[PDB]
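A.B. asks:
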Amino acid sequence: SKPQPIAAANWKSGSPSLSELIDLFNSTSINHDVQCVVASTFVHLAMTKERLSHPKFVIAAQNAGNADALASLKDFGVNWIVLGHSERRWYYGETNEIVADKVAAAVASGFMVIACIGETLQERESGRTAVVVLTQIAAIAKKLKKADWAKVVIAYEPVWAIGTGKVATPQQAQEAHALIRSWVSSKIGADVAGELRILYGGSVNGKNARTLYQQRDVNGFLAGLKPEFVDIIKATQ
């Protein structure tokens, strides 16, 4: 059977609606085992933490790369972090090795890490998805020991599905997630691969999420911080 699913809301920009939305989340009865996550930029962490009280939810930081900042986050009671998201790589210039170093530093500091990987439109079209995605995960694995994988979650997000309204088909998601899991099974261990959560993100919505969740190798979602996130939670069963 599948490991515990995750539904993660990733607040990257802009305006904080933040109060009524958290009201919605706090008032929501969740009838199954699922870890919910709300990630935000540093300046919004204090507001989210004070308002969000639902015990199935945890707060996550994003992008921290300095040991002292990681320590401070932990001290504030933040235990999750999102690293390697699309724009980090294609805009900000975080290389596979920079993301890998951040993952290792965060695991060493006591975090649960959602590490993002995924290919561009051109890589997909040219048949390079596998080498690109597997090279991204390989870079992360090189900096980790086997026991560290208890603290890692992988989010597969095709760059061409992010903000474009073009979601991956259930077949596309499944094929990518199975490929990632197969590599983990071969390079790290079948035991690790069986327990690993691999989340899909890129134009997930309230209508399409449940179908994606039915695929063998999909263990949840990275989605936006929006009211329909409640339906994305429900889609994980």
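When you line the sequence shown up against the deposited numbering, it's residues 2 to 13, 15 to 18, 20 to 72, 80 to 234, 238 to 250, in that order. Backbone N, C-alpha and C define an ideal beta-carbon position, used for all residues, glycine too.
Between the stretch 36 to 43 and the stretch 187 to 201, are three or more C-beta pairs nearer than 8 Å?
C.D. replies: The stretch 36 to 43 is not in contact with the stretch 187 to 201.
A.B. asks: Among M50, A8 and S213, which residue has its Cα nearest to the Cα of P180?
C.D. replies: As a working note, residue 180 is residue 170 in the sequence shown. That would be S213, whose Cα lies nearest to the Cα of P180.
A.B. asks: Going straight from the alpha carbon of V177 to that of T221, what length do you get?
C.D. replies: Counting from 1 along the sequence shown, the entry for residue 177 is found at position 167. Counting from 1 along the sequence shown, the entry for residue 221 is found at position 211. Between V177 and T221, the C-alpha separation is close to 12 Å.
A.B. asks: Measure the C-alpha to C-alpha separation of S119 and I150 and round it to an integer number of angstroms.
C.D. replies: By one-based count along the sequence shown, residue 119 stands at place 109. By one-based count along the sequence shown, residue 150 stands at place 140. If I take the Cα positions, the gap works out to 16 Å.
A.B. asks: Can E107 and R98 be called in contact, C-beta distance under 9 Å?
C.D. replies: Working through the sequence shown from its first residue, we reach residue 107 at position 97. Working through the sequence shown from its first residue, we reach residue 98 at position 88. No; because the gap between Cβ atoms is not below 9 Å, this pair is not in contact.
A.B. asks: Which runs of the alpha helix (DSSP H) fall wholly inside the stretch 110 to 174 and span at least 4 residues, in chain order?
C.D. replies: Counting whole runs of 4 or more residues, the stretch 110 to 174 contains the alpha helix (DSSP H) stretches 131 to 135 and 139 to 151.
A.B. asks: Where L238 and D85 are concerned, what is the direct C-alpha to C-alpha distance, given to the nearest angstrom?
C.D. replies: Along the sequence shown, one-based indexing puts residue 238 at 225. Along the sequence shown, one-based indexing puts residue 85 at 75. Computed Cα separation, rounded: 25 Å.
A.B. asks: Could you tell me the distance, in whole angstroms, from the CA atom of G68 to the CA atom of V88?
C.D. replies: Counting from one through the sequence shown, the residue named residue 68 turns up at place 65. Counting from one through the sequence shown, the residue named residue 88 turns up at place 78. Cα to Cα, the separation comes out at about 15 Å.
A.B. asks: For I62 versus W90, is the C-beta spacing smaller than 9 Å?
C.D. replies: Residue mapping note: residue 62 aligns to position 59 of the sequence shown, counting from 1. Residue mapping note: residue 90 aligns to position 80 of the sequence shown, counting from 1. Yes. Within cutoff.
A.B. asks: Going by the DSSP bridge assignment, what does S2 pair with across the sheet?
C.D. replies: What you label residue 2 is simply residue 1 of the sequence shown in a count that begins at 1. Looking at the DSSP assignment, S2 forms no beta bridge with any residue, so it has no partner.
A.B. asks: My output table needs one value for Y210: the three-state DSSP class, helix, strand or coil.
C.D. replies: Translated into the one-based positions of the sequence shown, residue 210 becomes position 200. Strand.
A.B. asks: Starting from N11 and walking both ways along the alpha helix (DSSP H), at which residues does that stretch end?
C.D. replies: Position 10 of the sequence shown, counting from 1, holds the residue named residue 11. Premise fails: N11 lies in the beta strand (DSSP E), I7 to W12, not in any alpha helix (DSSP H).
A.B. asks: Between which two residues does the beta strand (DSSP E) containing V61 stretch?
C.D. replies: Along the sequence shown, read from residue 1 onward, the residue named residue 61 stands at position 58. Per DSSP, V61 belongs to the beta strand (DSSP E) from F60 to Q65.
A.B. asks: Using a Cβ-Cβ cutoff of less than 6 Å, which residues in the same chain neighbour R54 once the five nearest sequence positions on both sides are dropped?
C.D. replies: By one-based count along the sequence shown, residue 54 stands at place 51. Here the set comprises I25.
A.B. asks: Identify whether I246 lies in helix, strand or coil by the three-state DSSP scheme.
C.D. replies: The residue you call residue 246 lines up with position 233 of the sequence shown. Helix, per DSSP.
A.B. asks: I'd like the ranges of any alpha helix (DSSP H) spanning at least 4 consecutive residues and lying wholly in the stretch 177 to 230.
C.D. replies: With a minimum length of 4 residues, the continuous alpha helix (DSSP H) runs that stay inside the stretch 177 to 230 are 180 to 197, 200 to 205 and 219 to 223.
A.B. asks: If you draw a straight line from the C-alpha of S22 to the C-alpha of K152, how long is it?
C.D. replies: The residue you call residue 22 lines up with position 19 of the sequence shown. The residue you call residue 152 lines up with position 142 of the sequence shown. In a straight line, the C-alpha of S22 is about 41 Å away from that of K152.
A.B. asks: Assuming contact is defined by CB atoms lying nearer than 9 Å, are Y166 and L209 in contact in what I supplied?
C.D. replies: If you number the sequence shown from 1, residue 166 lands on position 156. If you number the sequence shown from 1, residue 209 lands on position 199. The answer is yes: Cβ separation under 9 Å.
A.B. asks: Give the DSSP-derived three-state secondary structure of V37 in the structure shown.
C.D. replies: What you label residue 37 is simply residue 34 of the sequence shown in a count that begins at 1. Of the three classes helix, strand and coil, the one that applies to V37 here is coil, per DSSP.
A.B. asks: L154 CB to nearest chain C CB: under 9 Å?
C.D. replies: The structure shown contains no chain C; it is built from a single protein chain.
A.B. asks: I'd like to check one pair, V243 with residue 19: are the Cβ atoms closer than 9 Å?
C.D. replies: Residue numbering in the chain jumps from 18 to 20; residue 19, which lies between, is not modelled.
A.B. asks: Can you give me the Cβ contacts of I246 inside the same chain, cut-off strictly under 8 Å, excluding the 5 residues immediately before and after it?
C.D. replies: Locating residue 246 in the sequence shown gives position 233, counting from the first residue. Hits under 8 Å: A8, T31, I33, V37 and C39.
A.B. asks: Please report the residue range of the beta strand (DSSP E) in which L238 lies.
C.D. replies: As a position in the sequence shown, residue 238 is number 225, starting the count at 1. Careful: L238 lies outside any beta strand (DSSP E) and carries neither H nor E.
A.B. asks: Would DSSP call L21 helix, strand or coil?
C.D. replies: The count along the sequence shown starts at 1 and reaches residue 21 at position 18. Three-state DSSP puts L21 in a helix.
A.B. asks: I91 bridges to which residues according to DSSP?
C.D. replies: Within the sequence shown, residue 91 is the residue found at index 81, counting from 1. Partner(s): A64 and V123.
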